[PDB]
Amino acid sequence: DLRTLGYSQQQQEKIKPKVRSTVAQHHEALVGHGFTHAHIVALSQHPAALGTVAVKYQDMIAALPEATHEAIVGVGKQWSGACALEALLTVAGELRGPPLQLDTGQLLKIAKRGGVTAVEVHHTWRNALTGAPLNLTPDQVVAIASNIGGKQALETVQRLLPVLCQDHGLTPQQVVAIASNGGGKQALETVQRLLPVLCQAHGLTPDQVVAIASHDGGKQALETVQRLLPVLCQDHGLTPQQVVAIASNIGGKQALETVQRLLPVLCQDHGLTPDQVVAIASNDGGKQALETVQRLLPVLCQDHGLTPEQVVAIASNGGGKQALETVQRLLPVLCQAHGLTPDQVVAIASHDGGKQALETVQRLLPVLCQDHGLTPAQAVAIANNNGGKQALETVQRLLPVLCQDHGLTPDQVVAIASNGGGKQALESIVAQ
């Protein structure tokens, strides 16, 4: 069927039998508008968008002059396609004027992320959202807009903004931050509900409540802080502020729950302290980091003679799980092939971007040594910093220019690179 119109079998299988005739109906017009077969497959995910784009494409370009084909597909593909593109046709001109002065990128972020409901709601509440007592900026409106629940979130901000600012000391920007993720309405209601609870009963500051709530899944994070804080504090040493640190990342809920689940075995069977457990749990991926520590701690200590302190240090940055697994992978490799010591592997891996710095060291070391005199120790010294991946990467790139055009020796390049008081300094040198 659709293959006779130039679609591959894969493209066709992707479409969905009951939509294929609709595709076939509008195919000619769509490709005539410049859409590829790929565009049309994706578009078909929302059948009605096939026809509205087939017709009206020209009106869309008139309403949205910078709009690319894929941008149109990205909007039209979604749950409200579709009448979101129709809503844009009708309201775009006004939204472009006062009070919001929206641009087409913004107009495209709302309809795509927040659907028809978001589009028509901005228009409708155009003036209220920007006037007293709210006085939101266009940017803030767009950020609340552009989400599932975007419309509900805008309606709730209108209602709760003044109550939160006037009864709880929140700033308008704090309210916006809370409202600017998925389920903004629930997040706002939960903050209204739990803020006095957490401040009065557990000694959280309002800033702490805001920080927990202003991430994806913030509502659920707040609710699990409310439930688990008393238990964590009574059962273990955990302080309100430790709990807040765990909860204030994406995945905060699961991170708190996993501390709850794993802290006892991690402390009793692996000899860690609650402070160490907290440290591991207080970054994005805390849940996996904790689970990975439970899993790999003994293997890392028994196979590579790492200490628990070292294992904790590796796991106590964003993506601890990946960091730990990477040490497990590359520690023997770098020690056997590239000279490095296990303490040196640990040191490189124990920074914000440790996992990537390890892989960069593995990748670039053989090259830095062949082309320039670089020793494994010099490579370590570079990688052993907050940056590191970038530091090593820029050394490899800038080295030839540094040595030929700026007179540096490779050992001089290393010296400057291996600090933090460097790297930017290498770049600065070459910008002259």
# chains A, B, ... in the order shown; residues from 1 in each chain; ligands from 1

$ select_by_dssp --residues "range 30-259 of chain A" --states "alpha helix (DSSP H)" --output "MDAnalysis selection string"
chainID A and resid 30:32 37:43 48:54 57:63 69:76 83:96 104:124 126:130 138:145 150:168 172:179 184:202 206:213 218:235 240:247 252:259

$ residues_around --residues "residue 273 in chain A" --least-positions-apart "3" --cutoff "12 Å" --atoms "only C-alpha atoms" --output "count of residues only"
21

$ closest_residue --among "A:393, A:94, A:86, A:275" --to "residue 427 in chain A" --atoms "only C-alpha atoms"
A:393

$ residues_around --residues "residue 38 in chain A" --least-positions-apart "2" --cutoff "10 Å" --atoms "only C-alpha atoms" --output "list in words"
residues 7, 8, 11, 35, 36, 40, 41, 42, 43, 70 and 73 of chain A

$ residues_around --residues "residue 69 in chain A" --least-positions-apart "3" --cutoff "10 Å" --atoms "only C-alpha atoms" --output "PyMOL selection string"
chain A and resi 33-36+39+57+61+66+72-74

$ residues_around --residues "residue 377 in chain A" --least-positions-apart "4" --cutoff "9 Å" --atoms "only C-alpha atoms" --output "list in words"
residues 339, 340, 344, 381 and 382 of chain A

$ closest_residue --among "A:319, A:420, A:99, A:332" --to "residue 303 in chain A" --atoms "only C-alpha atoms"
A:332

$ residues_around --residues "residue 335 in chain A" --least-positions-apart "3" --cutoff "12 Å" --atoms "only C-alpha atoms" --output "list in words"
residues 304, 327, 328, 329, 330, 331, 332, 338, 339, 340, 341, 342, 343, 344, 345, 346, 358, 361, 362, 376, 377 and 380 of chain A

$ write_last_selection --atoms "N, CA and C atoms" --output "tab-separated table (two decimals), in the first residue's frame"
chain	number	residue	atom	x	y	z
A	304	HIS	N	40.07	-4.76	44.10
A	304	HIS	CA	41.03	-3.71	43.81
A	304	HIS	C	41.61	-3.03	45.05
A	327	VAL	N	34.66	2.88	37.17
A	327	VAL	CA	35.85	2.52	37.95
A	327	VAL	C	36.04	1.01	37.87
A	328	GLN	N	34.96	0.26	38.07
A	328	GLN	CA	35.06	-1.20	37.96
A	328	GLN	C	35.61	-1.62	36.59
A	329	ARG	N	35.20	-0.93	35.53
A	329	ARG	CA	35.67	-1.22	34.16
A	329	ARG	C	37.11	-0.82	33.91
A	330	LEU	N	37.43	0.43	34.25
A	330	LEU	CA	38.65	1.04	33.75
A	330	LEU	C	39.80	1.04	34.74
A	331	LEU	N	39.53	0.72	36.00
A	331	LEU	CA	40.60	0.68	37.02
A	331	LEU	C	41.68	-0.34	36.65
A	332	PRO	N	41.28	-1.59	36.36
A	332	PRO	CA	42.28	-2.57	35.94
A	332	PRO	C	42.94	-2.18	34.62
A	338	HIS	N	48.25	1.65	31.34
A	338	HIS	CA	48.61	3.05	31.26
A	338	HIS	C	49.41	3.51	32.45
A	339	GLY	N	49.88	2.55	33.25
A	339	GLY	CA	50.76	2.83	34.37
A	339	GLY	C	50.03	3.15	35.67
A	340	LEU	N	48.94	3.91	35.56
A	340	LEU	CA	48.19	4.42	36.71
A	340	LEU	C	48.09	3.50	37.93
A	341	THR	N	48.02	4.13	39.10
A	341	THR	CA	47.74	3.44	40.36
A	341	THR	C	46.25	3.51	40.67
A	342	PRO	N	45.75	2.55	41.46
A	342	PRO	CA	44.36	2.51	41.93
A	342	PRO	C	43.97	3.78	42.69
A	343	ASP	N	44.87	4.35	43.49
A	343	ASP	CA	44.59	5.60	44.17
A	343	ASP	C	44.39	6.72	43.15
A	344	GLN	N	45.16	6.66	42.07
A	344	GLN	CA	45.05	7.66	41.01
A	344	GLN	C	43.73	7.55	40.25
A	345	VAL	N	43.27	6.33	40.05
A	345	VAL	CA	41.99	6.12	39.37
A	345	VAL	C	40.88	6.70	40.23
A	346	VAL	N	40.96	6.41	41.53
A	346	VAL	CA	39.98	6.89	42.49
A	346	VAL	C	39.94	8.42	42.50
A	358	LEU	N	37.52	9.59	33.37
A	358	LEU	CA	38.21	8.31	33.30
A	358	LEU	C	38.30	7.81	31.86
A	361	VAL	N	40.61	9.91	29.86
A	361	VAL	CA	42.00	9.53	30.14
A	361	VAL	C	42.39	8.27	29.37
A	362	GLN	N	41.57	7.24	29.47
A	362	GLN	CA	41.80	6.02	28.71
A	362	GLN	C	41.94	6.33	27.22
A	376	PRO	N	51.88	9.07	31.95
A	376	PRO	CA	50.61	8.78	32.63
A	376	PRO	C	50.37	9.70	33.82
A	377	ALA	N	51.43	10.04	34.55
A	377	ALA	CA	51.31	10.91	35.73
A	377	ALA	C	50.84	12.31	35.34
A	380	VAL	N	47.23	12.09	34.61
A	380	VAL	CA	46.48	12.06	35.87
A	380	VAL	C	46.35	13.47	36.44

$ atom_distance --atom1 "CA of residue 384 in chain A" --atom2 "CA of residue 351 in chain A"
7.8 Å

$ atom_distance --atom1 "CA of residue 9 in chain A" --atom2 "CA of residue 56 in chain A"
28.8 Å

$ closest_residue --among "A:252, A:169, A:217, A:274" --to "residue 232 in chain A" --atoms "only C-alpha atoms"
A:274

$ residues_around --residues "residue 220 in chain A" --least-positions-apart "6" --cutoff "9 Å" --atoms "only C-alpha atoms" --output "list in words"
residues 187, 190, 213, 252 and 253 of chain A
